[PDB]
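1. just coords:
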Ligand SMILES: O=[N+]([O-])c1cc(-c2ncccn2)ccc1NCCCCCCN1C[C@H](O)[C@@H](O)[C@H](O)[C@H]1CO
């Protein structure tokens, strides 16, 4: 029956606009198949379109905002794009229509509206781009009655083993299409819809902008050869109208030119389903999709006070729709250094100079292809899977659709190599690689990243203990199905757990170090003089210099998190032998945290090194790191050290700001130095952990219950209001928030773990 549930889920999630790297596009969860893309641009001159055309996501003075107003990957949603440069407001309404054997049909409306600044008579070029990969696939534009192009709809008929038979339709549209008086119209027509059907090698079909421009440039080359000059030139909009040449090929370019406002429709009809999809079906399904989204939002995200307001509800829907709407399907090769050079063992003083020289050997090579279905941090600046980010992204997604979060987890853990490594940053295919300098594409099998996905699994295990609607919860409703899901994954978690202990181990036995266990102590590989990228916390200050004696308290605590999950899932599958080993190991870590990482002098957990004179030294930099055993739920609620931590958390002169908890204390010598990435700013992901843990303490008989209840109440309020104010003010979620001004700084459109904010508002953790 787990198979039957599994089969239905594949067929439900197959189609989406899973191309979050572009403003709007579709692809299914198949690596070589059919993809679509939207391009638009105002045309006012003979050179301007190349600077105005839109395709891949950006954020500059020219673009006010864009994002999803409503989205569910099972049903679809609506996207708004506010384009200053092109003087346009754009709506992309996408909806999925179940039926047949090939993962349903779908449709999309594209509404353009001129804004008040735009000339009322602006010429807007719009393109719909369509490509197919496969050796056994075919696709063909049915030609037009009329001479020079289309007065009606454009029909593409295609076939593939993957999708069966299909018609994909680009309707005529509402909108004035401009007419050219020029002589060129005797030969090109006065202005109409046109199609070019081309063929290119399968590996370059993604490069839609250059493919388009080569055709534009060829049209222009043809004007010059045929004596159309500056003596009496045709209008710019007719110069950039392609010559109609429909047929068969693996690329199809559909081009329209509109004067003023416009809309038009894309109807994809699975032959294997009922009768074809109509524009009437698109309207109906859109209305139906809003009503489901509305009803679910209120059920799953019941905003508790003081955020019960409709302003806070519209803010909640925007943060959530953009988190889940940024889900992508990725396919291609990855750049990995598989040398396993001995220098990457970092067993030497000055280990960073050695590993630099091994990277300079450039042994890395493409490997795969790999496939990933993930939510992303940033549509415009880094639209790709980041390992520990996803553990934060899936916390709210898992509320909305626990079956969907488990499909993403499975997607991530199917990347694991024989050793138990998952690369922390997934750059799949050339489309991905085009948005990344060569130097930063290469992944390293000794670089780790916080095991945040265990948290999402912890939430699953609680629920399991205690048709779109039916499927969304099928893994908790059908307990047989849940345990079977775990039975298969569990091995992989256990491998990853063992990987951490082999590769990220620190040294006890070779130094003057007493402690309860000689086994347990951990050190992040990959750290440079001023960084530790693998920890998640780029420039949080660490012992100087970096050293092979180093122990990192935040890593040990992440191991804490896994053992507790393995203890938990292990218990459920009755792996008696296994749970007993973890039970030993959890006891050990608890003692060793204190024995190696606790400071009575500073009153908090610290990182460690060894001295100039070969003694163990604690190095204390009050901030996120200092709290880590608290943030990970490892301390007993009656603990005196926890009490000491609640004091530092509350303390205005250190971490506590009006806008949330500072990453680093105002008292620390590195407060607000260098790039200041994790050296003062407030990060929603770490705050979310502190909030969820305070709340646990505050809802339990015990010594700090009341102190907890107070800090939870204010922290919740400060974080939600700081995100909400900046959303009202700017329309954006920000990477981080400034602890002095409360302004969002660094990257816009971070949805992104800043969207955890909706789970904070719904409470009842
Ligand atoms: O290159 N480009 O595209 C860019 C552009 C930019 C601009 N531009 C313009 C205007 C503004 N800004 C930025 C920037 C960038 N990049 C860069 C990459 C990398 C990123 C990462 C993040 N993070 C971090 C943290 O720590 C961690 O934790 C996590 O994990 C991650 C994930 O989320």
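-> Thanks, I have the structure now. Numbers count the residues shown, from 1 in each chain.
2. and the residue of the stretch 601-750 of the chain found nearest the ligand, which of the three is it?
-> Per C-beta to the nearest ligand atom, residue 747 is where the stretch 601-750 of the chain lies closest to the ligand, at 5.3 Å. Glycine gets a C-beta too; all of them are placed from N, C-alpha and C. Following DSSP: H, G, I helix; E, B strand; the rest coil, we place residue 747 in the coil state.
3. is it true that it touches residue 734?
-> Yes - between residue 747 and residue 734 there is a contact under C-beta atoms under 8 Å: 7.1 Å.
4. who's more crowded, those two?
-> Shown here are residue 747 and residue 734; by other C-beta atoms under 10 Å, residue 734 has more neighbours (23 against 19).
5. which ones are touching residue 748?
-> Counting by C-beta atoms under 8 Å, 6 or more residues apart in numbering, residue 748 makes contact with 59, 380, 730, 732, 733, 734.
6. try it again with 10 Å
-> If you count contacts by C-beta atoms under 10 Å, 6 or more residues apart in numbering, residue 748 has them with 59, 63, 65, 378-381, 726, 730-735.
7. just residue 187 next, same as before
-> Shown in contact with residue 187 (C-beta under 10 Å, 6+ apart): 147, 148, 222, 226, 228, 243.
8. For ChimeraX, what selects the buried ones among those?
-> Burial among the contacts of residue 187 is assessed by 16 or more other C-beta atoms under 10 Å; the matching ChimeraX selection reads:
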select :148,228
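9. Restricted to strands, list the contacts of residue 187.
-> Among those, DSSP state E puts none in strands.
10. Tell me which of the contacts of residue 187 fall in helices.
-> Using DSSP state H, the members of the contacts of residue 187 that fall within helices are residue 222.
11. Identify the farthest-apart pair in the contacts of residue 187.
-> Spatially, the most separated pair among these is 147 and 228, at 19.1 Å (C-beta to C-beta).
12. Can you check which residues contact both of residue 747 and residue 734?
-> Common neighbours of residue 747 and residue 734 (C-beta under 10 Å, 6+ apart) are residue 754.
13. Can you give the distance of the strand or helix carrying residue 284 from its chain's centre?
-> Assigned by DSSP states H and E, residue 284 belongs to helix 279-300. Centroid separation between helix 279-300 and its chain, computed with C-alpha atoms, centre = their mean, to the nearest Å, is 24 Å.
14. What's the first helix or strand after that helix?
-> Later in the chain than helix 279-300, the nearest helix or strand by DSSP H and E is helix 310-325.
15. Just list what that next one packs against, helices and strands only.
-> strand 63-72, strand 76-83, helix 279-300, helix 387-400, helix 705-730, helix 757-762 (3 or more C-beta pairs under 10 Å, 6 or more residues apart in numbering; DSSP states H and E).
16. in the first one, what counts as buried?
-> So the one you mean is strand 63-72. For strand 63-72, the buried set under the neighbour-count rule, 16+ other C-beta under 10 Å, comprises 63, 66, 67, 68, 69, 70, 71, 72.
17. quick revisit: please render the helices and strands packed on helix 310-325 as JSON lines that adds distance to residue 4 to the earlier fields.
-> Output for the helices and strands packed on helix 310-325, formatted as JSON lines (distance: least, C-beta to C-beta, whole Å):
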{"stretch": "strand 63-72", "distance to residue 4": "22"}
{"stretch": "strand 76-83", "distance to residue 4": "25"}
{"stretch": "helix 279-300", "distance to residue 4": "23"}
{"stretch": "helix 387-400", "distance to residue 4": "22"}
{"stretch": "helix 705-730", "distance to residue 4": "41"}
{"stretch": "helix 757-762", "distance to residue 4": "31"}
